[PDB]
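What follows is one chain in structure tokens, specifically the form deposited in one PDB entry.
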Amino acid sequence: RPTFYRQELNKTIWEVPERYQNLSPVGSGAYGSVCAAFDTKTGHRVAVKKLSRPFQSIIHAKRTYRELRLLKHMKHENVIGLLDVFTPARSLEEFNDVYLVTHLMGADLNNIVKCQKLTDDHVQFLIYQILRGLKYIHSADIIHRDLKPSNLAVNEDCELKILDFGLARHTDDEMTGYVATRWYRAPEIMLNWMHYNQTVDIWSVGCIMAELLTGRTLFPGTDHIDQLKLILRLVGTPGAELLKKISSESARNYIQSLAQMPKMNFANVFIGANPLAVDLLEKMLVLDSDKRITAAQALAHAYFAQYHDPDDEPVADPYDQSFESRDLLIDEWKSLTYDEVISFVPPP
């Protein structure tokens, strides 16, 4: 066990191993507070997150366990991984605080799209890396659920990492109105007409790729219904084949109230774009989610011929999510979390 030291920063007590130095606050959401630090064991600049009230309810305790299990599994060049996890507790009986350590991230894709002139070569490389990471994530039967530019870190060499997996933490108010939190969500989950599934992540990638090509949000709706109208104007209203497969009675009733619209010509929407980029966008932004291209299929599309290497696009180890259907007490979720903290083995 390392030696810990305590300090107060922005009215919060931080108790961390001596290896972490020069702590400086960088932000705080509803899930925890974050400091930047220098890790003297590895030489990396890191982000240290102290979870806020991790075991206050069964829902929160299960969410803490879910986040730690996910971060411990992800081992891929284009996905955020876990450098360390620690607690100052010396036993399960005094266990209360959880700290997570990751590589410190600089710019996100938001900064890039609004501040930089992107070539088509830049778009190819950035979208390639998103799909490479997504092939890995989806091969473990994980759904990200919250892909958007602020959850994609990018460095000066145009190298990209996926972060901030959806832990089922977004509320109704967070999704209301003119908000980027909803602009990248697939139509079939925006009003909960379908259960989540991995095809919703490919819809998000299509929205991101369009924005890199044009510099503008693809579907900036002022509310759920305005956004649905923007979507259906581009991709068309549901045809007979898809309508037969829509089981939600709430969806069918409202959809049939709208006048029918054909799919638009994407070459007249994305003026001047590489024809191969237009072709790929048409295969991602499909209303019928059964028919969308998959991440593994998209890596082999000719738009990525410069970068595609099928011997360097790995899949994940199997990921056991059976805990998600399990009903446990707070202290049982807490004991499971403690076991995962003390069994952590750092990367090479």
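Residues carry their position along the shown sequence, with the first being 1. In this text, rigid core is short for the largest set of C-alphas that superpose within 1.5 Å between two forms.
If you look for the form deposited with a small molecule bound, you will not find it shown, but the lines that follow are about it.
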Notebook entry, point to check: Do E313 and the small molecule come within 4.5 Å of each other in the deposited complex, heavy atoms counted?
Noted result: no
Check: Just to confirm, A305 within 4.5 Å of the small molecule in the deposited complex by heavy atoms?
Finding: no
Checklist line | Partner proximity in the deposited complex: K135 to the small molecule, non-hydrogen atom cutoff 4.5 Å | finding: no
Item checked: Partner contact for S139 in the deposited complex: the small molecule, 4.5 angstroms, heavy atom -> no
Next item on the list: Verify the C-alpha shift of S248 between this form and the one not shown: is it 2 Å or more after superposing the core?
Entry: yes
Notebook entry, point to check: Does superposing the core leave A302 with a CA shift of 2 Å or more between this form and the one not shown?
Noted result: no
Margin query: After core superposition, I'd like to know whether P314 moves between this form and the one not shown (criterion: C-alpha shift of 2 angstroms or more).
Written below: no
